[PDB]
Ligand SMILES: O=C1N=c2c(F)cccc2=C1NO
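Taking the form deposited without this ligand, here's one chain by itself in structure tokens.
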């Protein structure tokens, strides 16, 4: 496990933990999912938490969140989820995620990123070096 990977997990948890109280509730999960264009029901949100709710307190803490993330990346099924996730970023549908498209989504998640921070995220996922993220590059980013 890398110090850099821990830092990313922390930032990812922060995007869900809207009020910063260290736990992610069904309401916070639903808010994130709707900002990504999804519409889960109250029962679907409870199911999502219950899958990883090791202490049964109805909310997600940090190690439970890591468990949730690792299961999603190490899935091998639900590639339609990955295609759906790609479409969330690729809003003009042209097959490439631009820095501007990424900035737009991060803004909808409530993030404040500098121009360099957005370019660094594109750089890290870019494989062929064209300065955008195509679908194959995205698949690799979302996969273990």
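Numbering follows the first chain given and starts at 1.
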{"query": "Higher-scoring stretch by recorded Cα B factor average, 78-86 or 32-40", "finding": "78-86"}
{"query": "Between the two ranges 108-116 and 92-100, the one averaging a larger CA B factor in the entry", "finding": "108-116"}
{"query": "Within-chain third of residue 16 by Cα B-factor, per the entry", "finding": "lowest"}
{"query": "Residue 26, C-alpha B-factor rank within chain (lowest, middle or highest third)", "finding": "lowest"}
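Absent from the display: the form solved in complex with this ligand. The rest refers to it.
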item: Contact set, 40-55 vs this ligand in the deposited bound form - heavy atom within 4.5 angstroms; value: 48, 51, 52
